[PDB]
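In structure tokens, one chain follows: the form deposited in one PDB entry.
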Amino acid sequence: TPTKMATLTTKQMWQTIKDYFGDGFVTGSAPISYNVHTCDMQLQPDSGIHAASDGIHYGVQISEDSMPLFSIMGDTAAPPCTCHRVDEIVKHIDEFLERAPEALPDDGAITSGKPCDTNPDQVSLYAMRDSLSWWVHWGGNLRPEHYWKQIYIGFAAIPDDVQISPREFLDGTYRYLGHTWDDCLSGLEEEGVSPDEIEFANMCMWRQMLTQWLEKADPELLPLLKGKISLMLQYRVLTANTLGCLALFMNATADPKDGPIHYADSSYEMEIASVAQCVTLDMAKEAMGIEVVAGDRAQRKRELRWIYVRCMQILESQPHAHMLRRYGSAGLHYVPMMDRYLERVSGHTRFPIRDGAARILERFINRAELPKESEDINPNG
């Protein structure tokens, strides 16, 4: 077989994830392909009678009717549905990709929103601090056999704080703390993640990189989504890649006796949990007081709480409630505790990485592949 090495174009990448994910519940939605329709979720009254094994005992349980007790919360409202317009968004993106540039002017710029940041590897180190912090609040440990799943979280987090081109992400030009993306894929193989699970997580990452890049490369896209609230939420969940991170978290945390994690068999519960965590994050950040948001911000908040309570209740009865309830609601404890968000409250500064944290993070840095400008990161590690 002749050795071909051409990096796919963004158009070909888009086509590839279209073919892999297929359509969601709307025809022509690929690759925006969720099967759960958030707008149709129903909330059932709680009878108060629960078995010890009931899923309500996992995660954080805050009933809808109790939310008025908390001033930072309140009442809920069903969101308007524009989800059936998804085919129009995909058609628009197909057209844009016929003449899209492979590079943007600000590629490589820091976008963390914290003026202290001047080195992109230092930003990656902070993102790695955050990635282990999320992993822990989801229920995970720091054992060495999950090293590369944690690196995956880092790759999922850094595109928000550093502008990365999908091409450079794919072809090894971009490195996260010295790691190429292929290093993560190869590492997941060394850890024993099945090839099918790796490729699902891989395609989710492709989709994240593409959708986040389109938001910056195509000036028509965000205006097109901003006015379609329910659709913007679908899109934001893809740019957050909570689904890909969840798949690998489940692989690390699931009962060994249980079979491998297949999205084909568990898409419903995984999608519900991925949406719940995104909504919880936005809930918690707003409540604490730290543009994609459109229209009346007060109404958008009532919609998030509507979605949150229904996502969480549905997760009560799902086969993996024992992981997905906590994944869905973890923002309620990780946002108040994590430096990432406390730094923003404190005038968007940077907390020092003390020696204990630095020693934890040291092994995640491939110092041999860093640029000379970054050889001195994590010095106390």
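One-based numbering along the sequence shown. The term rigid core refers to the maximal set of C-alpha atoms that superpose within 1.5 Å between the two forms.
According to the PDB entry, the deposited sequence contains 4 to 9 residues between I290 and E291 that lack coordinates. Averaged over Cα atoms, the B-factor as recorded in the entry is higher for 96 to 104 than for the other of 96 to 104 and 216 to 224.
The mean Cα B-factor in the deposited entry runs higher for 106 to 114 than for the other of 106 to 114 and 79 to 87.
Note on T239, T253, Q277, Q122: the highest value goes to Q122, judged by CA B factor as recorded.
Comparing C-alpha B-factors across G244, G154, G259, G139 in the deposited entry, the largest value falls on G259. When the modelled residues of the chain are ordered by their C-alpha B factor, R340 lands in the middle third. The entry lists a Cα temperature factor for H322 that places it in the lowest third of the chain's modelled residues. The entry lists a Cα temperature factor for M67 that places it in the middle third of the chain's modelled residues. The PDB entry assigns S53 a C-alpha temperature factor belonging to the middle third of its chain's modelled residues.
Residue-level temperature factors show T349 in the highest third of its chain, judged at the C-alpha atom.
Beyond what is shown, the protein has a form deposited in another entry; the following relates to that form.
The one residue among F169, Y263, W135, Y126 whose Cα position changes by 2 Å or more between the shown form and the other one, with the core held fixed by superposition, is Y263.
The Cα shift for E220 between the shown form and the other one, taken after rigid core superposition, is 2 angstroms or larger.
Core-aligned CA deviation for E95 between the shown form and the other one: 2 Å or greater. In this overlay on the rigid core, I229 has a C-alpha that sits 2 Å or more away from its partner position between the shown form and the other one. Relative to this conformation, a decrease of 3 Å or more in the Cα-Cα distance between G227 and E64 is found in the other entry. In the other entry, the separation between the C-alpha atoms of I198 and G259 grows by 3 Å or more relative to the displayed form.
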